[PDB]
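Only one structure is covered here, and it is reproduced in the block below.
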Amino acid sequence: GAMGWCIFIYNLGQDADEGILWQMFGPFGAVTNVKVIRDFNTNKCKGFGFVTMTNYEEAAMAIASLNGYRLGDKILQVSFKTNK
Amino acid sequence: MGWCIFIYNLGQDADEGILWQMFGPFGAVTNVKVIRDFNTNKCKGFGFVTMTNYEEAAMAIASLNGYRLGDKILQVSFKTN
RNA sequence: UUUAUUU
């Protein structure tokens with residue numbers, strides 16, 4: 001719908017930035033927003049972020065390819081965002 | 001803040017209650033956490049306690065290291081970087 | 001075997 005679908009990415013590095021998210025997700029389809037969550041005191045990435053994709057089937061393709069992807073030396077976890 | 005204490009060789013079913021019961025008697029404790037596998041939610045075998053007072057943390061460590069928890073011998077120490 | 005897990 002209008003909100004799109006929100007994807008949660010875990011196991012980003014301390015120097016990860018929005019550019020790394022756009023680059024990873026952009027290829028699978030329309031991406032409308034990205035955000036890296038950063039540590040209040042250090043300004044480093046706390047290790048996770050969010051990407052909003054418009055179309056469910058493109059979001060599902062992204063998650064299938066990127067969940068388990070090795071970025072630097074860490075195995076990413078990616079899935080649709082849950083509440084909290 | 002306080003002094004962070006590392007506890008290794010916790011079993012799968014270990015929880016915060018067991019850590020509170022062990023370390024509580026030695027002095028002020030402000031946090032306990034058991035580390036769990038994100039998927040299975042089973043304790044991965046270690047946890048942490050934060051105690052406020054350096055000398056009380058020392059006493060807990062010297063007293064509890066080698067403590068037998070179920071079938072397992074615990075390793076307790078000041079947390080390393 | 002030394003805690004970033006959902007803005």
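Chain labels run A, B, ... following the order of the structure tokens; each chain numbers its residues from 1, and ligands are numbered from 1 in the order shown.
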Practice task
For residue 11 in chain B, list every protein, DNA or RNA residue within 12 Å, evaluated using only C-alpha atoms (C1' of nucleotides), and leave out those in the same chain fewer than 5 positions away; present the list as a list in words.
Solution key: residues 18, 34, 35, 36, 42, 43, 44, 45, 46, 47, 68, 69, 70, 71, 72, 73 and 74 of chain B
Practice task
List every residue of range 4-51 of chain B that DSSP, applied to the backbone of this structure, places in alpha helix (DSSP H), and write the result as number ranges by chain.
Solution key: B: 16-23
Exercise for the section: Kindly determine which residues of chain A lie within 10 Å of chain C, considering only C-alpha atoms (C1' of nucleotides), and give the answer as a ChimeraX atom specification. Expected result: /A:7-11,35-39,45-50,77,79-84
Using only C-alpha atoms (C1' of nucleotides), I'd like a table of the residues in chain B that come within 12 Å of chain C; for each, show the closest atom pair and its distance in Å rounded to one decimal, ordered by chain and ascending number, as JSON lines.
{"residue": "B:4", "atom": "CA", "partner": "C:2", "partner_atom": "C1'", "distance": 10.0}
{"residue": "B:5", "atom": "CA", "partner": "C:2", "partner_atom": "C1'", "distance": 9.2}
{"residue": "B:6", "atom": "CA", "partner": "C:2", "partner_atom": "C1'", "distance": 6.5}
{"residue": "B:7", "atom": "CA", "partner": "C:2", "partner_atom": "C1'", "distance": 8.8}
{"residue": "B:8", "atom": "CA", "partner": "C:1", "partner_atom": "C1'", "distance": 6.7}
{"residue": "B:9", "atom": "CA", "partner": "C:1", "partner_atom": "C1'", "distance": 8.7}
{"residue": "B:10", "atom": "CA", "partner": "C:1", "partner_atom": "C1'", "distance": 11.1}
{"residue": "B:31", "atom": "CA", "partner": "C:3", "partner_atom": "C1'", "distance": 11.7}
{"residue": "B:32", "atom": "CA", "partner": "C:3", "partner_atom": "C1'", "distance": 10.5}
{"residue": "B:33", "atom": "CA", "partner": "C:3", "partner_atom": "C1'", "distance": 7.9}
{"residue": "B:34", "atom": "CA", "partner": "C:3", "partner_atom": "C1'", "distance": 8.6}
{"residue": "B:35", "atom": "CA", "partner": "C:3", "partner_atom": "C1'", "distance": 6.9}
{"residue": "B:36", "atom": "CA", "partner": "C:3", "partner_atom": "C1'", "distance": 9.7}
{"residue": "B:37", "atom": "CA", "partner": "C:5", "partner_atom": "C1'", "distance": 11.1}
{"residue": "B:38", "atom": "CA", "partner": "C:5", "partner_atom": "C1'", "distance": 7.9}
{"residue": "B:39", "atom": "CA", "partner": "C:5", "partner_atom": "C1'", "distance": 10.7}
{"residue": "B:44", "atom": "CA", "partner": "C:1", "partner_atom": "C1'", "distance": 10.0}
{"residue": "B:45", "atom": "CA", "partner": "C:1", "partner_atom": "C1'", "distance": 8.5}
{"residue": "B:46", "atom": "CA", "partner": "C:1", "partner_atom": "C1'", "distance": 7.7}
{"residue": "B:47", "atom": "CA", "partner": "C:3", "partner_atom": "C1'", "distance": 7.9}
{"residue": "B:48", "atom": "CA", "partner": "C:3", "partner_atom": "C1'", "distance": 7.8}
{"residue": "B:49", "atom": "CA", "partner": "C:3", "partner_atom": "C1'", "distance": 10.7}
{"residue": "B:50", "atom": "CA", "partner": "C:3", "partner_atom": "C1'", "distance": 11.8}
{"residue": "B:74", "atom": "CA", "partner": "C:1", "partner_atom": "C1'", "distance": 11.7}
{"residue": "B:75", "atom": "CA", "partner": "C:1", "partner_atom": "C1'", "distance": 9.6}
{"residue": "B:76", "atom": "CA", "partner": "C:2", "partner_atom": "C1'", "distance": 10.9}
{"residue": "B:77", "atom": "CA", "partner": "C:2", "partner_atom": "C1'", "distance": 9.7}
{"residue": "B:78", "atom": "CA", "partner": "C:2", "partner_atom": "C1'", "distance": 9.3}
{"residue": "B:79", "atom": "CA", "partner": "C:2", "partner_atom": "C1'", "distance": 5.9}
{"residue": "B:80", "atom": "CA", "partner": "C:2", "partner_atom": "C1'", "distance": 5.8}
{"residue": "B:81", "atom": "CA", "partner": "C:2", "partner_atom": "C1'", "distance": 7.0}
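Picture a line from CA of residue 41 in chain B to CA of residue 78 in chain A; it runs 18.1 Å.
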Exercise for the section: Using only C-alpha atoms (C1' of nucleotides), determine which residues lie at most 9 Å from residue 26 in chain B, disregarding the query and same-chain residues fewer than 4 positions distant; provide the list as a PyMOL selection string. Expected result: chain B and resi 22+51+56-57+59-60
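Every protein, DNA or RNA residue with an atom at most 8 Å from residue 34 in chain A, where only C-alpha atoms (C1' of nucleotides) count and chain neighbours fewer than 6 positions away do not, is listed here: residues 18, 21, 22, 49, 50, 51 and 52 of chain A.
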Handout entry: Neighbour list for residue 3 in chain A as a PyMOL selection string, cut-off 8 Å, only C-alpha atoms (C1' of nucleotides), skip fewer than 2 positions in-chain
Key = chain A and resi 1+5+54
Problem - DSSP-assigned strand (DSSP E) members of chain B, reported as a PyMOL selection string - result: chain B and resi 3-8+29-36+43-51+68-69+72-73+75-78
